[PDB]
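Here the Cβ positions follow ideal geometry from the backbone for every residue, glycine too, while neighbour counts run over all protein chains shown. Readers should treat all values here as calculations from the given coordinates under stated rules, not as data from a laboratory.
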RNA sequence: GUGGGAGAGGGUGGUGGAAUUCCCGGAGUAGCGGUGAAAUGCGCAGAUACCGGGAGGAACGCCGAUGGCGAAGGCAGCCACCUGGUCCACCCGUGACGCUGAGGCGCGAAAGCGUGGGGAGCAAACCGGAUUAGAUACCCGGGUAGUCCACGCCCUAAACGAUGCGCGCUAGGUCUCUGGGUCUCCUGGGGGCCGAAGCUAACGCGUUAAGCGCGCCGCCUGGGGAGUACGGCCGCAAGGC
Ligand SMILES: NC[C@@H]1O[C@H](O[C@H]2[C@@H](O)[C@H](O[C@@H]3[C@@H](O)[C@H](N)C[C@H](N)[C@H]3O[C@H]3O[C@H](CO)[C@@H](O)[C@H](O)[C@H]3N)O[C@@H]2CO)[C@H](N)[C@@H](O)[C@@H]1O
Ligand SMILES: NC[C@@H]1O[C@H](O[C@H]2[C@@H](O)[C@H](O[C@@H]3[C@@H](O)[C@H](N)C[C@H](N)[C@H]3O[C@H]3O[C@H](CO)[C@@H](O)[C@H](O)[C@H]3N)O[C@@H]2CO)[C@H](N)[C@@H](O)[C@@H]1O
Ligand SMILES: [K+]
Ligand SMILES: [K+]
Ligand SMILES: [Mg+2]
Ligand SMILES: [Mg+2]
Ligand SMILES: [Mg+2]
Ligand SMILES: [Mg+2]
Ligand SMILES: [Mg+2]
Ligand SMILES: [Mg+2]
Ligand SMILES: [Mg+2]
Ligand SMILES: [Mg+2]
Ligand SMILES: [Mg+2]
Ligand SMILES: [Mg+2]
Ligand SMILES: [Mg+2]
Ligand SMILES: [Mg+2]
Ligand SMILES: [Mg+2]
Ligand SMILES: [Mg+2]
Ligand SMILES: [Mg+2]
Ligand SMILES: [Mg+2]
Ligand SMILES: [Mg+2]
Ligand SMILES: [Mg+2]
Ligand SMILES: [Mg+2]
Ligand SMILES: [Mg+2]
Ligand SMILES: [Mg+2]
Ligand SMILES: [Mg+2]
Ligand SMILES: [Mg+2]
Ligand SMILES: [Mg+2]
Ligand SMILES: [Mg+2]
Ligand SMILES: [Mg+2]
Ligand SMILES: [Mg+2]
Ligand SMILES: [Mg+2]
Ligand SMILES: [Mg+2]
Ligand SMILES: [Mg+2]
Ligand SMILES: [Mg+2]
Ligand SMILES: [Mg+2]
């Protein structure tokens, strides 16, 4: 128990899953949720629907902390990124801003063969 | 003897004494390496696009000098010795290139 | 590198007559300047190959010019070599 | 692509070689810290080539950013 | 020679930020990861997701191009030093000093070798999960040499434009990089595209010839046997010629 009421919401979305971390404005996590936090186990975690349920679960557990308004930060390309966004907008948390923080190297590190033909 | 521009970014948190000290040391190095100071622009505390040594701001100094080439690199190294010196960039001077002129 | 005054100094040194820029003596003198400087550079920087090709080309040019001089006026050749201290 | 307006066309006379001038150089970067392509900046090959080095110098001086966050997505 | 220019040409030192991994701290909890679907794997000794700090290695996003530089291999953050080549203008100097080039000498991607450092990510071999009739493979989880630096070897290739080098001659059009000029246009050096004449078995080439010519070098002479055997030279070896 905190009583924060305003915070950040991080949507980390890859092709295999979506995980959502609601935090206080200092960045420290309050609650988190994912495809697997809900019933889903296999590839189904990567589903947009899974992202919806995850976003909603994170938002619910967050509103238990008395959270009202959040700022959304998005990382990574994958399905259910925009679905997580939309679910957060429909969540009952006022969404202030949305931002794409997705990490990219400046030609830094050699990829796995699967990600190659690039660097 | 070639013409260069020394850029120096310093710690914004320096008061009068420490700052005047840093400037005196800088000019003592410029002297010791044979650099002659032509024109000086002190811009001062300005915002940065990214933090430098944890600080959101920096104290900017600009010198235009004439010094021997062989010593240049060495001089820069000396300027980097100081703890309160954030950045040193020595650029070989060039004539302006105008667009829409 | 080679500045203007250095270059002028060597040109007016080997010039056959006042105003002589491109005579064989001056050319060999200039080439010798560049060659000694570049060889000095390659004393260090032994891993710079690309410059070394330059050295090769310069040396070739000089040897060709000198060969022409030897062919034409053997005395002027002898004098030039003695002066610059080449071959050997 | 490059569908709005002409970065060089609306602008004054300026030294392309000046790294310390932030207010003018900002205009050549996108929402992110990225250097705008020619099709935007409206510059020429030589001009662009100079602009790049100027901007990079400024970045190292801490005057311009390297990368930035995208907003309202 | 004088004056002016563009350039990831090369060598040395310095230096910047992003990302990955690891370590420390905070907050937080039931999974993360991965695939066609999964499983191995990792996680209650607290992972994944988030923030703060630190360490290290390697590579330089945007600019970036249908672009530039180099003899070729090849060259890309930024700064300074050292250094090679090249283009243009002036028409100033020397006065055929030229071209080619068997041998020689040097350079020569990757992998590979030697000594010593280094080691984040990736990864032959290998160890596992899966798939399959089987799966020695493709897919997934790990992972050593190696990939990195210094010095010394190796000398290969679809080392490709599959097009030796130099010079002269033979319509134009069009885009582009870089100079100069009387600057809508003219003139020079690069890089592309369409095409006169002409050439070509055809495909195509066509002032960046594969056209018309001259000079010099290298090479070919049905396929397999075979880049093998023998010999010689080179190499620590692999192996090369
Ligand atoms: N910036 C210096 C450069 O050094 C080069 O070679 C040097 C660099 O490769 C390297 O310098 C340091 C090294 O001392 C130290 N042990 C580790 C450090 N990471 C290295 O620096 C470098 O490492 C590699 C090089 O491939 C890069 O990936 C990395 O970005 C760079 N920082 O080690 C070499 C000897 O100092 C070249 N001489 C030239 O590019 C340039 O001068
Ligand atoms: N070449 C390296 C790069 O050179 C650029 O600048 C280079 C070019 O702008 C400039 O070219 C000049 C040319 O302007 C001038 N009109 C004639 C001169 N011969 C050329 O210089 C050339 O020849 C000389 C030998 O004589 C070499 O030492 C030099 O490397 C080579 N560029 O020479 C400079 C040095 O090579 C970059 N500014 C520099 O940062 C970088 O090192
Ligand atoms: K065709
Ligand atoms: K032997
Ligand atoms: Mg999944
Ligand atoms: Mg690369
Ligand atoms: Mg590449
Ligand atoms: Mg270069
Ligand atoms: Mg921790
Ligand atoms: Mg417990
Ligand atoms: Mg543990
Ligand atoms: Mg380590
Ligand atoms: Mg690109
Ligand atoms: Mg190539
Ligand atoms: Mg004349
Ligand atoms: Mg005469
Ligand atoms: Mg030969
Ligand atoms: Mg090799
Ligand atoms: Mg290698
Ligand atoms: Mg080794
Ligand atoms: Mg791996
Ligand atoms: Mg594998
Ligand atoms: Mg070994
Ligand atoms: Mg070993
Ligand atoms: Mg080596
Ligand atoms: Mg090819
Ligand atoms: Mg070609
Ligand atoms: Mg061609
Ligand atoms: Mg042309
Ligand atoms: Mg042209
Ligand atoms: Mg025809
Ligand atoms: Mg054609
Ligand atoms: Mg043959
Ligand atoms: Mg036969
Ligand atoms: Mg037969
Ligand atoms: Mg063989």
Answer residue from region D:27-47, given it is part of a helix (DSSP H, G or I) and more than 9 Å from the chain's Cα centre (by Cα) and is nearest to the other protein chains (Cβ to nearest Cβ) among those: D:47
Condition check for residue B:99: out of contact with any strand residue (DSSP E or B) (no Cβ under 9 Å at 6 or more places or on another chain), buried (at least 17 other Cβ atoms within 10 Å of the Cβ) and within 14 Å of chain D (Cβ to nearest Cβ): no
Every residue from region C:3-39 that is more than 7 Å from RNA strand E (Cβ to nearest atom) and within 14 Å of another protein chain (Cβ to nearest Cβ): C:3, C:5
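Any residue at all in region A:67-81 that's surrounded by fewer than 21 Cβ atoms within 10 Å (Cβ to Cβ), more than 22 Å from residue A:101 (Cα to Cα) and touching a strand residue (DSSP E or B) at 6+ places or on another chain (Cβ under 9 Å)? Step through it out loud before you land on a result.
The first filter runs over region A:67-81 and keeps only residues surrounded by fewer than 21 Cβ atoms within 10 Å (Cβ to Cβ), leaving A:68-69, A:71, A:73, A:75-79.
Of the ones still in play, those that are also more than 22 Å from residue A:101 (Cα to Cα) are A:68.
Filter once more, so that each one left must be touching a strand residue (DSSP E or B) at 6+ places or on another chain (Cβ under 9 Å): A:68.
Looking for residues that are surrounded by fewer than 21 Cβ atoms within 10 Å (Cβ to Cβ), more than 22 Å from residue A:101 (Cα to Cα) and touching a strand residue (DSSP E or B) at 6+ places or on another chain (Cβ under 9 Å), one finds at least one in region A:67-81, hence yes.
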Any hit, region A:99-108, residues being at negative phi, away from chain D (no Cβ under 12 Å) and part of a helix (DSSP H, G or I): no
Checklist (1) within 13 Å of ligand 2 (Cβ to nearest atom); (2) part of a helix (DSSP H, G or I) applied to residue C:32, failing item: (1)
Candidate set: region D:1-26, residues that are surrounded by 14 or more Cβ atoms within 10 Å (Cβ to Cβ) and more than 23 Å from residue B:91 (Cα to Cα); chosen: the one farthest from the other protein chains (Cβ to nearest Cβ): D:7
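Being surrounded by 10 or more Cβ atoms within 10 Å (Cβ to Cβ), away from ligand 2 (no atom under 14 Å from the Cβ), over 23 Å from residue B:68 (Cβ atoms) and in contact (Cβ under 8 Å) with a residue 24 or more places away in the chain is true for just one of C:61, C:27, C:12. Which residue is that?
On the way: C:61 fails: away from ligand 2 (no atom under 14 Å from the Cβ); C:12 fails: in contact (Cβ under 8 Å) with a residue 24 or more places away in the chain.
Result: C:27 is the single residue among C:61, C:27, C:12 that is surrounded by 10 or more Cβ atoms within 10 Å (Cβ to Cβ), away from ligand 2 (no atom under 14 Å from the Cβ), over 23 Å from residue B:68 (Cβ atoms) and in contact (Cβ under 8 Å) with a residue 24 or more places away in the chain.
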Some residue of region B:76-86 being buried (at least 17 other Cβ atoms within 10 Å of the Cβ) and in a strand (DSSP E or B): yes
